[PDB]
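Numbering (the entry's author numbering), first residue to last: 83 to 604. Beta carbons: idealized from backbone N, C-alpha and C, even for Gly.
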Ligand SMILES: [Fe+2]
Ligand SMILES: [O-]
């Protein structure tokens, strides 16, 4: 229960939101297919209510009994159908977890991460927090921001606890499953012993983490250190680098001064150095006082990759290498080529001739690239991994987790091939550029293949590709959703698990070992 003044404020604010902000500022102008929910949400992209744990899911084929863990997958799932204006990325975070051990699928569960934002929107039964891309990047964006801060002025909303949406991927670090938020602190999620998922709360690393960090921090296989970047779009140092030890101890911040505020979705790691991608997509907040998006692509700016020693004391140790006209949203892997002293970076990029309208137009390519950096000389190299015969769109993917920052010959990646739909996944030979596809079959689509390495006793440390791929699939002429189990080495289906409900499309997934799960403690 609110007030009597403020109860009557909220009433009037709602009426204003609808009769003015919506009806005057918004409804008379169309809605780009990139903020239009009928597009963004349509089909299997559409959200799904929580399934509390369902046990002994029906399995065909033979799940290898040695496999023992949880496959967990984050993604966007707007609790309430959004009032106009919404991009696929804007939605509430939801995790799907499937317990696997002894040839069994012990439990499927799916749950929202209980974000300060959702907790408040549940209270009212309505969206109230503005959509970041779909509302705030629009022309009404400023008005929308005012409507919110007006409501917040009447104690009707509280941004004070962060307004992140925790939908952009997961890591398992020092016994905690963390739900990654682009513009907020991580949320701690407890994988429950019954198979369920409970949101512990908003995680700042024991007092240490004060700002928002990027949603792709990298965990070194050897050191157990978790390496992170944070960018602040406002104050002087627009980019920090720091890490955490297994002791959960935080390093001193290494400031990376940049000329302007650069958006940085992802970065990469090597044995001894971090690889930061400084690209052309940039923050010009000015734009928003005009009808414009604050996220601009700066044609003028020169794309580059910084190489910085992991235990650096000062920014002066950073080595900037120009790679003109390259943007990559994700960097699968990077490694130190000892034979050259070069740094090899494997990711997937687009070479933008693009203008202002970022998406309402045509021809979006996204190409698996080998980028070679030679820090001392500053000259670089950029080639497509696949020959122009079997050039195929290869989206979100993974390299063997244990070989992170070391040289890997195989990558596994989404075959986005009726563009945004994923018809399969491919095993890639990053040296030779050969591939084999696993076709999902007619009318069936997925996303991020999760490679699980058969933890050990093969050679001694196993062969690079002695593992398994786990992907959710989704049948059209739709029955339910399955999770396949494919043998990474001979790229062959072995087990097929049916999920009770429907697993909607998602973002980054991860695999927690059984014995990894043991450390949980919360
Ligand atoms: Fe990502
Ligand atoms: O992400």
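Residue from the options with nearest C-alpha to residue i
i	options	result
residue 447	283, 411, 480	411
residue 269	299, 257, 285, 357	285
residue 371	308, 222, 595, 179	222
residue 265	276, 509, 298, 281	298
residue 395	166, 598, 338	338
residue 404	452, 460, 373	460
residue 503	111, 122, 453, 104	122
residue 655	451, 273, 562, 252	No information on residue 655 is available, as it lies outside the stretch 83 to 604 that the chain covers here.
residue 350	368, 389, 329, 313	389
residue 95	426, 225, 416, 163	225
residue 397	566, 358, 274	358
residue 439	293, 377, 275	377
residue 564	86, 112, 164, 178	178
residue 601	329, 575, 381	329
residue 132	125, 215, 279	279
residue 291	276, 468, 169, 332	332
residue 456	420, 306, 302, 475	420
residue 202	162, 183, 227, 214	162
residue 140	599, 577, 499, 586	577
Extent of the continuous alpha helix (DSSP H) run through residue i
i	result
residue 206	198 to 206
residue 88	87 to 98
residue 223	223 to 235
residue 121	119 to 122
residue 599	596 to 599
Delimiting residues of the beta strand (DSSP E) encompassing residue i
i	result
residue 134	133 to 137
residue 158	Run containing residue 158: none; DSSP gives neither H nor E here.
residue 576	574 to 581
residue 416	409 to 419
residue 549	549 to 556
residue 566	563 to 569
residue 321	Where residue 321 is concerned, there is no enclosing beta strand (DSSP E), given that its DSSP letter is neither H nor E.
residue 188	186 to 194
residue 424	424 to 432
residue 387	386 to 391
residue 590	Counting along the chain, residue 590 falls outside any beta strand (DSSP E), and DSSP gives it neither H nor E.
residue 530	Careful: residue 530 lies outside any beta strand (DSSP E) and carries neither H nor E.
residue 182	176 to 183
residue 115	Taken as a continuous stretch (DSSP letters only), residue 115 belongs to no beta strand (DSSP E), as it is neither H nor E.
residue 404	401 to 404
residue 452	449 to 455
residue 308	308 to 312
residue 141	141 to 143
residue 463	462 to 466
Neighbourhood of residue i by C-beta distance below 6 Å, restricted to the same chain and skipping five residues each side
i	result
residue 531	494, 507, 551, 553
residue 335	322, 324
residue 315	343, 365
residue 603	257
residue 480	494, 533
residue 593	151, 153, 532, 534
residue 307	325, 327
residue 348	298, 412, 413
Cutoff 7 Å; reference residue i; Cβ partners in own chain excluding five residues on either side
i	result
residue 185	144, 145, 147
residue 244	198, 266, 267, 284
residue 249	156, 157, 158, 173, 174, 175, 589
residue 220	117, 167
residue 386	360, 402, 403, 404, 405
residue 612	Residue 612 falls outside the range modelled here, since the chain spans only 83 to 604, and no answer is possible.
Residues near residue i by beta carbon distance below 8 Å, same chain, minus five either side
i	result
residue 92	84, 233, 236, 238
residue 355	389, 390, 391, 392, 418, 425
residue 319	337, 338, 339
residue 511	491, 492, 517
residue 571	545, 547, 548, 549
residue 260	252, 253, 254, 268, 269, 270, 271, 285
residue 584	126, 130, 556, 560, 562, 563
residue 109	166
residue 486	300, 301, 302, 303, 351, 415
Residue i beta carbon near ligand 3 (any heavy atom closer than 7 Å)
i	result
residue 348	For ligand 3, the structure offers nothing, since it holds only ligand 1 and ligand 2.
Open item on the list: Give the list of continuous beta strand (DSSP E) stretches no shorter than 3 residues that lie fully inside the segment 480 to 522.
Closed with: 492 to 497, 506 to 511, 517 to 521
TODO: Measuring from each Cβ to the nearest heavy atom of ligand 2, keep the ones under 6 Å and list them in chain order.
DONE: 250, 251, 297, 298, 589, 590
TODO: Can you check the segment 339 to 382 for any alpha helix (DSSP H) of at least 4 residues that lies completely inside it and give the ranges in chain order?
DONE: none
- [ ] Return the chain-ordered ranges of every beta strand (DSSP E) run that is complete within the segment 224 to 301 and spans a minimum of 3 residues.
- [x] 252 to 255, 258 to 261, 269 to 273, 279 to 284
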